[PDB]
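Asks: Structure below; questions to follow.
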Amino acid sequence: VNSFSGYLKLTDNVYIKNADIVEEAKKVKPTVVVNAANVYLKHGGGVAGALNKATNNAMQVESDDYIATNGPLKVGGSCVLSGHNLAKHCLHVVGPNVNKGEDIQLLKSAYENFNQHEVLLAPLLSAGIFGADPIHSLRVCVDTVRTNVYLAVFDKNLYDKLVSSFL
Ligand SMILES: O=C(O)[C@@H]1CN(c2ncnc3[nH]c4cc(F)ccc4c23)CC12CCC2
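Take the sequence shown: its letter number 73 is residue 75 in the entry's author numbering, and every next letter is one higher.
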């Protein structure tokens, strides 16, 4: 038993809800919240900009130190940093950004990072400003992640489309 509430169950291990991930994180304090990161951990907009704003820019300060030490992530890769006031940990995961021409097949590699964590609160990778089809992203999530994932979908309209079209 865990503290996630109001989710629709899609499969044995994937759950979905219409929610703001920042507010969902603020209430649940999950062990892991996933950020839709870029390779530079520049949290300017989308989910990343919203998560970072909710931390009062502490996520960005920590991220800049991480990059200064380690260099950029790989597309499809991840790193674990603090969850600040939102979660114990933040798993920063880089999905391919279609608006940069990155290979959508890397989306599966991105979701594989979730399997290193037993339970996660997450957005749909490569959705939103990353330019991928959120329905495809949901399919890859379901077919790749084996751990327990609670997906927060900000837009009520898209949520209904994702549920109604789910096979
Ligand atoms: O940034 C993107 O392209 C979208 C944003 N989406 C979100 N999903 C779940 N909660 C969210 N709260 C927010 C608050 C904001 F101010 C901006 C975006 C969100 C948001 C998923 C996405 C595809 C992977 C990242």
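Just so you know, even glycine gets a beta-carbon here, dropped at the ideal spot from N, CA and C.
Looking at C-beta atoms only, is the number of pairs between the stretch 131-148 and the stretch 101-111 that lie closer than 8 Å three or more?
Replies: A contact exists between the stretch 131-148 and the stretch 101-111.
Asks: Is it true that the CB of residue 96 sits closer than 8 Å to the CB of residue 77?
Replies: Yes, Cβ-Cβ distance for residue 77 and residue 96 is below 8 Å.
Asks: Please report the straight-line C-alpha distance between residue 134 and residue 59, rounded to a whole angstrom.
Replies: Their Cα atoms are separated by approximately 27 Å.
Asks: Hey, how far is the Cα of residue 98 from the Cα of residue 92?
Replies: So the alpha carbons of these two residues sit roughly 19 Å apart.
Asks: Can you tell which of 103, 160, 118 and 19 has its C-alpha closest to the C-alpha of residue 132?
Replies: Comparing Cα-Cα distances from residue 132 to each of 103, 160, 118 and 19, the minimum goes to 103.
Asks: Measuring CB atoms only, is the stretch 64-78 touching the stretch 148-158, in the sense that at least three cross pairs come out at less than 8 Å?
Replies: Flag = no, the stretch 64-78 and the stretch 148-158 do not touch.
Asks: Which residue wins for smallest C-alpha separation from residue 84, given the options 34, 29 and 151?
Replies: Ranking the options by Cα distance to residue 84, first place goes to 34.
Asks: Go ahead and pull the three-state DSSP assignment for residue 106.
Replies: Of the three classes helix, strand and coil, the one that applies to residue 106 here is coil, per DSSP.
Asks: Suppose the cutoff is 6 Å on Cβ atoms and the five residues either side in sequence are ignored; what does the same chain contact list for residue 25 look like?
Replies: Closer than 6 Å at Cβ, skipping near neighbours: no residue.
Asks: May I ask whether a heavy atom of ligand 1 can be found less than 7 Å away from the beta carbon of residue 65?
Replies: Checking every heavy atom of ligand 1 against the Cβ of residue 65, none is found closer than 7 Å.
Asks: Compare the Cα-Cα distances from residue 22 to each of 153, 121 and 40 and report the closest residue.
Replies: Of the candidates 153, 121 and 40, the one whose C-alpha sits nearest the C-alpha of residue 22 is 153.
Asks: With a floor of 4 residues, list each alpha helix (DSSP H) that falls wholly inside the stretch 17-55, ordered by position along the chain.
Replies: Entirely contained in the stretch 17-55, the alpha helix (DSSP H) runs reaching 4 residues are, in chain order, 23-30.
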